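Chains as they are written, first to last, in the entry's author numbering: chain Z, 355 to 471; chain R, 1 to 162; chain N, 1 to 162; chain V, 1 to 162; chain X, 1 to 162; chain S, 1 to 172; chain Y, 1 to 172; chain O, 1 to 172; chain W, 1 to 172.
The structure appears right after this line, and notes come after that.
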Amino acid sequence: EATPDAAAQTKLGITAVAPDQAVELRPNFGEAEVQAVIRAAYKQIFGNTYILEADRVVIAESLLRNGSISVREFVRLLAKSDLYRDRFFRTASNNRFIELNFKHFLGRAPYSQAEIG
Amino acid sequence: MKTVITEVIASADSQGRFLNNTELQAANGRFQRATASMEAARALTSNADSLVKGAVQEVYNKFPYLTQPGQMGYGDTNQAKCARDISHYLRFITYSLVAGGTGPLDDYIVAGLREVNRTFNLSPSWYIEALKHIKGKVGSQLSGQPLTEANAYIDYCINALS
Amino acid sequence: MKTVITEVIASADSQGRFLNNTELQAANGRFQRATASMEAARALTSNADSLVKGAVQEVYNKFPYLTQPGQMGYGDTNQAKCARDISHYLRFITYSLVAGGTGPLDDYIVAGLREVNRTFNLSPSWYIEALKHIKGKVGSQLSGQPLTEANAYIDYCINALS
Amino acid sequence: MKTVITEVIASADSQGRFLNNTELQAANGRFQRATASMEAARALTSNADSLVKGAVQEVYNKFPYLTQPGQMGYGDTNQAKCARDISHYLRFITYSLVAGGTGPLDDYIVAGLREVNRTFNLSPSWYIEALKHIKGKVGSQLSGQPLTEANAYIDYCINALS
Amino acid sequence: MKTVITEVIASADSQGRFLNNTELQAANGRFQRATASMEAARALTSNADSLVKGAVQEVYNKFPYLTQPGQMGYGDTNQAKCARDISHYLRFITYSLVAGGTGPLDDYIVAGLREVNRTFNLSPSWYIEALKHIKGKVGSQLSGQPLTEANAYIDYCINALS
Amino acid sequence: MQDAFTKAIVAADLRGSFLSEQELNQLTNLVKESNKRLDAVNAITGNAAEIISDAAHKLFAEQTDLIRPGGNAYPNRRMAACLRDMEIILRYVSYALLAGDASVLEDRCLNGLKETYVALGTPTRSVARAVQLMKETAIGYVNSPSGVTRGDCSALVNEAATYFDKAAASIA
Amino acid sequence: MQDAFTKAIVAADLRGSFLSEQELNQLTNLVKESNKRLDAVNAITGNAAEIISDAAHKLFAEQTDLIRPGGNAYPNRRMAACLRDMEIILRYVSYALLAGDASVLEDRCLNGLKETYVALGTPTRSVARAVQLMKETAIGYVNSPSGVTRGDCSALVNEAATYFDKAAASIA
Amino acid sequence: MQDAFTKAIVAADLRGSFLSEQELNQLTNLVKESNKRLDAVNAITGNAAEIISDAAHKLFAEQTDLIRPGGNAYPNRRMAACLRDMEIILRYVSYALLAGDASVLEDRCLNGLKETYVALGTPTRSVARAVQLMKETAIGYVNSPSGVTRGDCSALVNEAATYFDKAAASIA
Amino acid sequence: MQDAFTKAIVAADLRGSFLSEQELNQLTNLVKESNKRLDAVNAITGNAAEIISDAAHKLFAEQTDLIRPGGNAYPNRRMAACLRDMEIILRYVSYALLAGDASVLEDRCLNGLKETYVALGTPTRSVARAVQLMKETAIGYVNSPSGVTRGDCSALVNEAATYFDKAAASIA
Ligand SMILES: *[C@H](C)[C@H]1/C(=C/c2[nH]c(/C=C3N=C(/C=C4\NC(=O)C(CC)=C4C)C(C)=C\3CCC(=O)O)c(CCC(=O)O)c2C)NC(=O)[C@@H]1C
Ligand SMILES: *[C@H](C)[C@H]1/C(=C/c2[nH]c(/C=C3N=C(/C=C4\NC(=O)C(CC)=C4C)C(C)=C\3CCC(=O)O)c(CCC(=O)O)c2C)NC(=O)[C@@H]1C
Ligand SMILES: *[C@H](C)[C@H]1/C(=C/c2[nH]c(/C=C3N=C(/C=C4\NC(=O)C(CC)=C4C)C(C)=C\3CCC(=O)O)c(CCC(=O)O)c2C)NC(=O)[C@@H]1C
Ligand SMILES: *[C@H](C)[C@H]1/C(=C/c2[nH]c(/C=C3N=C(/C=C4\NC(=O)C(CC)=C4C)C(C)=C\3CCC(=O)O)c(CCC(=O)O)c2C)NC(=O)[C@@H]1C
Ligand SMILES: *[C@H](C)[C@H]1/C(=C/c2[nH]c(/C=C3N=C(/C=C4\NC(=O)C(CC)=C4C)C(C)=C\3CCC(=O)O)c(CCC(=O)O)c2C)NC(=O)[C@@H]1C
Ligand SMILES: *[C@H](C)[C@H]1/C(=C/c2[nH]c(/C=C3N=C(/C=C4\NC(=O)C(CC)=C4C)C(C)=C\3CCC(=O)O)c(CCC(=O)O)c2C)NC(=O)[C@@H]1C
Ligand SMILES: *[C@H](C)[C@H]1/C(=C/c2[nH]c(/C=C3N=C(/C=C4\NC(=O)C(CC)=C4C)C(C)=C\3CCC(=O)O)c(CCC(=O)O)c2C)NC(=O)[C@@H]1C
Ligand SMILES: *[C@H](C)[C@H]1/C(=C/c2[nH]c(/C=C3N=C(/C=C4\NC(=O)C(CC)=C4C)C(C)=C\3CCC(=O)O)c(CCC(=O)O)c2C)NC(=O)[C@@H]1C
Ligand SMILES: *[C@H](C)[C@H]1/C(=C/c2[nH]c(/C=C3N=C(/C=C4\NC(=O)C(CC)=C4C)C(C)=C\3CCC(=O)O)c(CCC(=O)O)c2C)NC(=O)[C@@H]1C
Ligand SMILES: *[C@H](C)[C@H]1/C(=C/c2[nH]c(/C=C3N=C(/C=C4\NC(=O)C(CC)=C4C)C(C)=C\3CCC(=O)O)c(CCC(=O)O)c2C)NC(=O)[C@@H]1C
Ligand SMILES: *[C@H](C)[C@H]1/C(=C/c2[nH]c(/C=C3N=C(/C=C4\NC(=O)C(CC)=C4C)C(C)=C\3CCC(=O)O)c(CCC(=O)O)c2C)NC(=O)[C@@H]1C
């Protein structure tokens, strides 16, 4: 009984995310390069939910251009957003919130009940 | 949905603390204002229709060419839609007055406004006139704080549209 | 520092949005309240001293052993401190009334309260009595909303201490 | 700026690996196409002006009311601008043909398009006509692959505008 | 799996945009090249066996001691494996020619190469010779671009092994 | 989130209509009570610490075993949690009371709560008990304050109850 | 990911064999069509905006309720999402068309989609309808271009169809 | 952050004293003006879009080079930023106006703005100009409303000015 | 990033003009060389491992102390870094070579490198040396291939050199 390599991935539809491409902001970044990190960050950090024009956070991503803040600081600004609160936390229970924060902030899920506590 | 009351709860909740005097003060504000707000809503709700007709109409005066054949303003379907739409704007405004926050407006009207409008080639301009015309009429039926409130919300949309 | 006014600004600032009707309603709430708040502060500020004496005193009645030699209540330095401390609590409370938020209290008194108290072996209990005794006196000089306000803040501390 | 060559470099660079056969194949593609692309650019560059006149004009035929007083199309300043703008579109297109990528278009024209247009109340529609009219003219001076290329880029904008 | 076609899709997909001219140019490159690539594969596929024999053999000439008893090259099982392995390398190479990318090589052969080799004490060196010997033979049956392609891929492995 | 007003809106929206005059009169009335409503909340928050403290004492006097080795409130670590939880529930309840709507309470707090407790091995029964103990104490304050203008708060008192009870039920 | 070439490889691999001469000739032929294939894609991408715009209009003329209060396309926010979705589906389809393989479409785009739609309450049937509406319009362009050398694209046209249909089916 | 009230407190704190009666009387009167103060803010926010739109037009009519190739407001991308910035500054100014204190504007926005602009090659002067253009338009509204109770707003108007000017200065 | 084409564009843009006919002819010519250009790159990438290996051996034969205790290439950990670095520089150089522009090399790779090396106590001189050693070996391949159509690559060869040299200089 034979399986193509990457059969395990294609079942479970983890094919896209299994090995996952990293996006890095680089020095003297171009205008298109930054746009791509933003695009990525909003997809991971936010949930794969839809960010409409109104939703976007102008001030945080302006600082990301001109290197005032790093991407780690960009992520922190995104995470403390009416928008992040409105989705995620305000409707969720603390168990569902903490489990969501693991994932968006770090790809893993929570390893144990202690971590939740 | 963003109203005064929901917000203070939210803020309290974030910090993880009981509602203290700070927040109640705020709440109190919302409640005392309500009397005026509520009044305004009763007034708009009643004259709705008349406001709508007047607006739609206006738009056409402002942009005659819309009514010509092969344009968007042309043929009843479109006119019907145009009416419907403005009704909505109004409806929501009333809601917001009563809810005591922009909440209702934000979630129904504003969020996604741009893209919708882009994809169907609705010109913000039009809506705006509608609103303005309205604002002008409302500026007769109301007065004092009731009026003030009505304006605020009406404008809020103008700004969102533009 | 957390007051009504500062918060709404903050919230508006985070979202990146103009202050709309929502927030102003809240602000209106504060400032409306202020009249009562201000009154309360004038009352506490004036009777300060007398309130303090009375409180310190009380504490000793409540916990006689403190005044015995080898204890904390004993020897003037300590008494002086005891006075000073309560003065502070009071001072801040007035501040908070005027500022229209717990802000002043939180940052001066509350933050770090526990650890300070632990390291110097100040028993929360004491402070509490002080406050309670105060509350009781204030419950004569004031009335109606002014009173209500005074209480709120006084309590806020009780809860933080306990 | 996004061209074929820059992209493969970027991708290679991200993974941290040397350019292998995969990428070169791609590059080769860009270079083979260039001959046609370059030809197209020579053709647009030469007829620029004439294309522009024709377009601007068209727009007015399509939207007569623009030329009426108190409108946007009215008074030379505006016409001048209108011309300028279209020139730009064209200019960039040529650039993109030569660069062998949308890059030039994206960064000059497209990024920020919406907001600019909103704030100054430029209707995308207009531009579009301009382009279409152009496309039609270009559809004579060019042929075969050169043509095909020209179209691609022209369209790319239409889609971005709409 | 990394081929030209998959990559451009991927890149397009990440940015969230349609395949525009940029990417198609690249694709075109892959397809034009294919004719040469395909030719090369037909040539290797046919002579497979003979190439394999020759290689295995070579390795032993290069490293006589392997064939001595108590070594790795010694006793048929091992020889069989040795053959098998090289076959694989070849097989994949053909694949990669046809797929028009290193992908097939990367995912089958390269990923995990080191650790496998470490744990079973396969010396990269060996493989390398195999390949080199091959490269030399291929350098007769092929010519011009077909050849060039063949090399590229063969090398790609040499570098990965070393 | 949601509250009394917003809720009514939403309903109205799906009908597609302006708010019914009848419906306004619910809200109009609701406003009038505000002052009462507020004081109620104020009373809870002011007494918070105590409310809990009290309820706890009573809880542990009843179910001695919780605090015995092998029980769920032992050792300290656990005890701490148990206190913390009580408080939270209270906090939310208060929130609801202000909003004039259960929602906030349901969504943040009650949703999933039972199951959590279950997975941990926390005895849901006892939790519920605690909630009630709290309820009674809390009402105590709401209903007997000092320096407040005398009048009837019953309406509010009952709504308070309900919130507590929703909690009790869903946990249990 | 996967595409026509890669796929054939993988098959060959499980047999454990070098590629059949017959099988090469599939790929050889596939190459020859490239040019056609490309133009097809180019046609979609060029007309994208419009394809959608169009389909939408028709979708909403048919299923009036979607745009009525209580429907799934109301209010604005929802409408916007629906438009975005249509675009995404299209985008993928195109990708597939280039690859010469459904896979990409199935995995990234269709995978999970039904369940999502269910959770949201979005009516899968209507979605499917939209997809078809798109299909027809799209083919329209693929099949009727200007300034392209005249010849037969049918083969491609049909494959295009199939992709659209896989979409329709898996959503539905 | 800070505002009029908080500020006075802080001062008092360092002296270590209760608030002076004199000082209260500042705040007492400040309260009285509230209503005016509020309306002022409301006026800006209500007209925001316009204020900017207007200012921009005038800015570009004057400094035509900004919008020519090689200028700082070209191309679109840049233009967009320039608009965005203007707006922000406005937003903060309003905030201050409500607070009754410059602080918020200076700390959040002005501190370091100049240097940024410099590093980018944005001409600080022009920025400042824009800010003034805005100022005038804004005052225009603050000072000429309809359906507000007629009275004297000067006091507020001037304070508004100052805020705008602090901005202009620190940028410039 | 940037490259030869994009660069010329950008220049043209600031003038505000279509591309000069003269300027086109640079690019036109550049295209003609492509095939040569490509092979050059291909040669480096194909031999990468070796290029380095080689250079290293020679580097260490010359500067024995680097590999002695107290030197900068000792112990293993450091040695590893040193190898890695060499490679990187190479990688970039190649990139540049394809682009037809130094930029990529300067901006990602060379910028700041000197100072780093300094802070660590890495002897910049030696680094530079390594880079040259690499250069010569690399050219070796570029310039002496087999199965390539014979012709003149000098033009490319020199440009290659320059890249290596920019590296050497900025490090040194
Ligand atoms: C439009 C033809 C129909 C429609 C669609 C619809 N979708 C949503 C909401 C979502 N749709 C998706 C789907 C996707 N995410 C992806 O990445 C992909 C492609 C890989 C898809 C297709 C998602 C995730 C959402 C949630 C968005 C979010 O997170 O905010 C809605 C809106 C529902 C809502 O209330 O948000 C709609 C309307 N529904 C119709 O009625 C049309 C027939
Ligand atoms: C009136 C000033 C002009 C006009 C309007 C008009 N609108 C549409 C179509 C739509 N308008 C809206 C508006 C809303 N729908 C919502 O759900 C909300 C939020 C509650 C709003 C504000 C929407 C979304 C649509 C698209 C879907 C639909 O079919 O309604 C049209 C038709 C456009 C078309 O392409 O068919 C028109 C014409 N008509 C006039 O006479 C004025 C010019
Ligand atoms: C009064 C009930 C009892 C008492 C008090 C007492 N306090 C101290 C020492 C300190 N008291 C405080 C408290 C504060 N300092 C602050 O900055 C604030 C916030 C504005 C408060 C509330 C602090 C910090 C100290 C530590 C040292 C200091 O004096 O600043 C003492 C001295 C105890 C010691 O040995 O350090 C005493 C005794 N005095 C009495 O008699 C009562 C029992
Ligand atoms: C022509 C179709 C219509 C028209 C045009 C018109 N445009 C403007 C103003 C601007 N147009 C642009 C466009 C660009 N500037 C750029 O930098 C780029 C990208 C490089 C583009 C495409 C911009 C940015 C402006 C604003 C700046 C400026 O106006 O100088 C106007 C002026 C409108 C106003 O000032 O409010 C006009 C009128 N007018 C016509 O005749 C047609 C209807
Ligand atoms: C040939 C040059 C030498 C030789 C080789 C040899 N190989 C093994 C065992 C393995 N070789 C590989 C290599 C691959 N297997 C794969 O799946 C792939 C990817 C497609 C490769 C490249 C593997 C994985 C093994 C280990 C698993 C296995 O049991 O085969 C051996 C046997 C090693 C042992 O210790 O049993 C040998 C000897 N034999 C010779 O004569 C040359 C010296
Ligand atoms: C006290 C009346 C009872 C009690 C409580 C108890 N709880 C835990 C642990 C947790 N309880 C919760 C509570 C919540 N999660 C939420 O999201 C909310 C609403 C926002 C609440 C109220 C959670 C998250 C935990 C798990 C994390 C943790 O372990 O701290 C314990 C500890 C369980 C353990 O075995 O450690 C306890 C003891 N148990 C009793 O004995 C009382 C009847
Ligand atoms: C009900 C549980 C108990 C009670 C309450 C009660 N309160 C009032 C009237 C007022 N109470 C307040 C309190 C506030 N208003 C606010 O804005 C705030 C937060 C900033 C508070 C804390 C106020 C201002 C009023 C109005 C003025 C006044 O004191 O009369 C009443 C009277 C009824 C009414 O206001 O309609 C009552 C009944 N008193 C009881 O009898 C219950 C035990
Ligand atoms: C099919 C839907 C319609 C059609 C297509 C068609 N195309 C060609 C030929 C070519 N089309 C291209 C297009 C490209 N090649 C590329 O490299 C790129 C990306 C940069 C594109 C867009 C090319 C280069 C050719 C070759 C020259 C030519 O234009 O003919 C044909 C001819 C047949 C062939 O095998 O090439 C056809 C039929 N024509 C139709 O009638 C269909 C509706
Ligand atoms: C418009 C009146 C003038 C102008 C503006 C302009 N600014 C930038 C770039 C930036 N502006 C800022 C500033 C802010 N971002 C913030 O978060 C805040 C509040 C703290 C401000 C005020 C920043 C962060 C940037 C850099 C990154 C970005 O683009 O967001 C530009 C663009 C410059 C560029 O190189 O892209 C411009 C055009 N310049 C003019 O021409 C006008 C006179
Ligand atoms: C000043 C810039 C111009 C002006 C203002 C003005 N306003 C009033 C009185 C009031 N204005 C308000 C407005 C609000 N109060 C709030 O709570 C809110 C937010 C929800 C607002 C926006 C109110 C309620 C009053 C009180 C009386 C009233 O019905 O307006 C005055 C009169 C003086 C006063 O302080 O009462 C004035 C002068 N009108 C002008 O003449 C200036 C051009
Ligand atoms: C230069 C350092 C050496 C040299 C180069 C040289 N190459 C050619 C011609 C070609 N080389 C290639 C190479 C590629 N084209 C591709 O698409 C790819 C990537 C997949 C490669 C690797 C090709 C296709 C050609 C054209 C056809 C051919 O048979 O070569 C030449 C000939 C001149 C020309 O530009 O056509 C030359 C001179 N020759 C040397 O002697 C140098 C040492």
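All C-beta atoms, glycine included, are put in the ideal place defined by N, C-alpha and C.
Inset, instruction - Tell me, please, whether the segment 42-57 of chain W touches the segment 125-141 of chain W by the rule of three or more beta-carbon pairs shorter than 8 Å. - result: yes
Inset, instruction - For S94/W, I'd like the list of residues in its chain whose CB is within less than 7 Å of its CB, leaving aside the five on either flank, ordered along the chain. - result: The residue you call residue 94/W lines up with position 94 of the ninth sequence. Around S94/W: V41, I44, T45.
Legend entry - Beta-carbon neighbours of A152/X, restricted to chain W and to distances below 9 Å: Against the fifth sequence, residue 152/X aligns to sequence position 152. By Cβ distance, chain W contributes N42, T45, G46.
Inset, instruction - Could you spell out the range, first to last residue, of the alpha helix (DSSP H) harbouring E39/N? - result: Sequence index remark: in the third sequence, residue 39/N carries index 39 (1-based). First-last of the alpha helix (DSSP H) with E39/N: 34-62.
Inset, instruction - Return the Cβ separation of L30/W and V98/V in integer angstroms, given the expectation that the two are a contact with Cβ distance under 8 Å. - result: On the ninth sequence, residue 30/W is found 30 positions in, with the first residue counted as 1. On the fourth sequence, residue 98/V is found 98 positions in, with the first residue counted as 1. That belief does not hold up - the Cβ atoms of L30/W and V98/V are roughly 11 Å apart, past 8 Å.
Legend entry - Test: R37/S CB closer than 9 Å to a CB of chain Z: Here residue 37/S refers to the residue found at position 37 of the sixth sequence. It does not; no Cβ of chain Z falls within 9 Å.
Legend entry - Lining residues of ligand 4 - beta-carbon closer than 6 Å to any non-hydrogen atom, in sequence order: Residues flagged by the Cβ proximity filter: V59/V, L66/V, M72/V, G73/V, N78/V, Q79/V, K81/V, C82/V, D85/V, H88/V, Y108/V, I109/V, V116/V, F120/V, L122/V, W126/V, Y127/V, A130/V, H57/O, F60/O, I67/O, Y74/O, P75/O, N76/O, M79/O.
Inset, instruction - Enumerate in chain order the residues of its own chain whose CB-to-CB distance from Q68/N is below 7 Å, with the five nearest sequence positions on each side excluded. - result: Indexing the third sequence from 1 puts residue 68/N at position 68. Hits under 7 Å: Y74.
Inset, instruction - Could you please tell me which residues of the segment 31-55 of chain V, in chain order, have their CB closer than 7 Å to any CB of chain Y? - result: From the segment 31-55 of chain V, no residue has a Cβ closer than 7 Å to chain Y.
Legend entry - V10/O - containing alpha helix (DSSP H), residue span: One-based indexing of the eighth sequence puts residue 10/O at position 10. Per DSSP, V10/O belongs to the alpha helix (DSSP H) from 4-15.
Legend entry - Minimum length 4: unbroken alpha helix (DSSP H) runs contained in the segment 370-453 of chain Z: Qualifying alpha helix (DSSP H) stretches, in chain order: 385-398, 412-418, 425-433, 436-440.
Inset, instruction - State yes or no: is the beta carbon of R419/Z nearer than 9 Å to at least one beta carbon in chain W? - result: For the purposes of this step, residue 419/Z is identified with residue 65 of the first sequence, where counting begins at 1. So, not an interface residue.
Inset, instruction - Starting from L460/Z, follow its DSSP beta bridges and name the residues at the other end. - result: Your numbering for residue 460/Z matches position 106 in the first sequence. DSSP, once it has assigned bridges, lists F456/Z as partnering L460/Z.
Legend entry - chain R within 9 Å of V138/N, Cβ atoms only: In the third sequence, counting from the first residue as 1, residue 138/N sits at position 138. With its beta carbon at least 9 Å from every one in chain R, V138/N lies outside the interface.
Legend entry - Spatially closest choice to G100/V from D13/V, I9/V, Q15/V, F31/V, by CA coordinates: Position 100 of the fourth sequence, counting from 1, holds the residue named residue 100/V. Minimum Cα distance to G100/V is reached at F31/V.
Inset, instruction - Leaving aside the five residues before and after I128/N along the sequence, list all residues of the same chain whose C-beta is less than 7 Å from its C-beta, in chain order. - result: Position 128 of the third sequence, counting from 1, holds the residue named residue 128/N. If you ignore the 5 residues before and after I128/N, its C-beta comes within less than 7 Å of the C-beta of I158, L161, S162, all in its own chain and listed in chain order.
Inset, instruction - Please name the residues in the segment 85-105 of chain R whose beta-carbon is closer than 7 Å to at least one beta-carbon of chain S, in chain order. - result: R91, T94, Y95, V98, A99, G100, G103, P104
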